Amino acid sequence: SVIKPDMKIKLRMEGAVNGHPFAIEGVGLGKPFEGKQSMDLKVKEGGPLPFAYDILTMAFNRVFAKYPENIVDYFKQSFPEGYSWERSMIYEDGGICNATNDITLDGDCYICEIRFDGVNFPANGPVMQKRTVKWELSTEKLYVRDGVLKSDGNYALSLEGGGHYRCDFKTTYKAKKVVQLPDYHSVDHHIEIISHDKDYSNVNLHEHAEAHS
């Protein structure tokens, strides 16, 4: 097999938010069977970021999700060839972000190439005014359509002072070879910025994910 109990991560994101470009690089460590990963992220271009870092964190790999035996694991099957995803994130105040990721494997290291593009975030909204605190537990619902795997989720950012800010996610996952397709199921995600410096130029990000049906 190519999926080891301990795996490394190398990533680069290039993007823009409201037309202002940035680039971030990351290195990390994960446990694919435990559904846990941690990474250190560094802003390389476009800092200090003028928007809430929280809109980026889900963009920074479902191979790091604990799948039980009675649910088909689309992601672990896809390697060594890998898979890609495409995603839209629609915020309740009309901000919309698109992103793509292409995930390959080199030795014991996942390499991720991410593109991120957000538009129409209001100047006095919680994204541009950096008023977000954390994502709540996020439940992704996955289903097959047209021979590939789709998902969506209704997620919520908690806000400074209280209340929530809603975002709907839609993702399409595409394996780069023929794999067994799963039945309908869910993945619960806990995502958390563990530490960061003042302007978020340095971030430590952790994720824990588990599939259920």
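Residue indices: 1-based, along the sequence shown.
In this entry, residue 60 and residue 61 are separated by 1 to 3 residues of the deposited sequence that lack coordinates.
A summary of the deposited B-factors shows that, of 17 to 25 and 194 to 202, the stretch with the larger mean C-alpha value is 194 to 202. In this crystal structure, the stretch out of 80 to 88 and 103 to 111 whose C-alpha atoms carry the higher mean B factor is 103 to 111. Highest C-alpha temperature factor among 170, 177, 166, 185 per the entry: 177. When the CA B factors of the chain's modelled residues are split into thirds, the value for residue 53 lands in the lowest one. Split the chain's modelled residues into thirds by C-alpha temperature factor. Residue 131 is in the highest one. When the modelled residues of the chain are ordered by C-alpha B-factor, residue 65 sits in the highest third. Among all modelled residues in this chain, the alpha-carbon of residue 159 has a temperature factor (C-alpha) in the middle third.
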